[PDB]
């Protein structure tokens, strides 16, 4: 118990979900590594500390308590050594840049057009549900082999898994404050199994181009497949973050550009600026804000704190990307910010494996949107509300045109 941080005792989970920025602005100044009682964990809040923990030889991957309750073992994000190496070898082939470039265009662009065609002549839309999330899940779902799971269902799954994974509040004793908050996630996993089990049955006997078929078969001895219980936790990882984050990234990018109308106009007139707009969007509101963690494997001193071996540290990358030691006025979206390293994809050997793919999905989606609707205007009838501490993004993005 750190005396000068006694105010952290009164920080609530709801506060952090609704708006973590004021608390984390204090943390970055007072204690870049600090134990947050309601989270039951140390959290790293600055760019220097997050990067150090994520790349340190004295830390390894771990899942948070709520995250482990949600995904089980072996979730690619929470394992190390030979298991992690196998899971990385499993997912990396379809994410290799040279491979992505072979097909990303023909994958994403027809999908973006299909969802645009449903509303581009309406003069109003809610872009999160009508465009950003559907493009994100349909693109990845087709790649995975889930062509027959409609986008409504994929979006419901990642929303349920998100809430379950981020169900992190703990009581004074150290147990979960909402032990009922995992039930929704359990139901999503059961629905996922009902859909994927027969697909796995088929792929074992009849492999095809779908990523999950390749997860079963790639690198295995002849006639063998990875056991479904061995790959399911990484399937869940995909059906949460991989499904959710590209849509949140493009939506937050749009919110940011709306907040700088001159910059929105710039990007519409010159869509070669879209990659830069997206990189700034991810820094400005990081889709994975504080979901992942590491655990120390030996005593280590971090930000003046002597940590024993076995100490978990939550990586609040969304706070690190507002580090005022790194950025000028980081709370503002600025397309013309000098390109600088950011931590929205994490760091170290557990950094995002899908960066190149994710950036193209978001790029192609915004290219088609601005081409279809050059005169997008935000519905200023209300402000944009963001939600989430673990994962963060706009809950809706109402716009008009014409």
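Numbering follows the first chain given and starts at 1.
Quiz item: Looking at the entry, does 17-25 or 375-383 show the higher mean C-alpha B-factor?
Solution: Between 17-25 and 375-383, it is 375-383.
Quiz item: Which is higher on average in the deposited entry, the C-alpha temperature factors of 256-264 or of 78-86?
Solution: Looking at the recorded C-alpha B-factors, 256-264 comes out higher on average.
Quiz item: Say you rank 37, 354, 57, 68 by Cα B-factor from the PDB entry; which sits at the top?
Solution: Most elevated C-alpha B-factor of the set, per the entry: 57.
Exercise. Using the entry's values, work out which of 206, 283, 73, 163 has the largest Cα B factor.
Key: Among 206, 283, 73, 163, the highest C-alpha B-factor in the entry belongs to 206.
Quiz item: According to the PDB entry, is the CA B factor of residue 149 in the bottom, middle or top third of its chain, that is, lowest, middle or highest?
Solution: Tercile = highest for this residue's CA B-factor.
Exercise. Determine, from the deposited record, the chain-internal third of the Cα B-factor for residue 119: lowest, middle or highest.
Key: Highest third, going by the recorded CA B-factors of the chain.
Exercise. Please place residue 245 in the lowest, middle or highest third of its chain by C-alpha B factor as given in the entry.
Key: Within its chain, residue 245 is a lowest-third residue by C-alpha B-factor, going by the deposited values.
Quiz prompt | Within-chain third of residue 277 by Cα B-factor, per the entry | solution = Bottom third by C-alpha B-factor.
Exercise. Ordered by C-alpha B-factor within the chain, which third holds residue 294? Give me lowest, middle or highest, please.
Key: Lowest third, going by the recorded CA B-factors of the chain.
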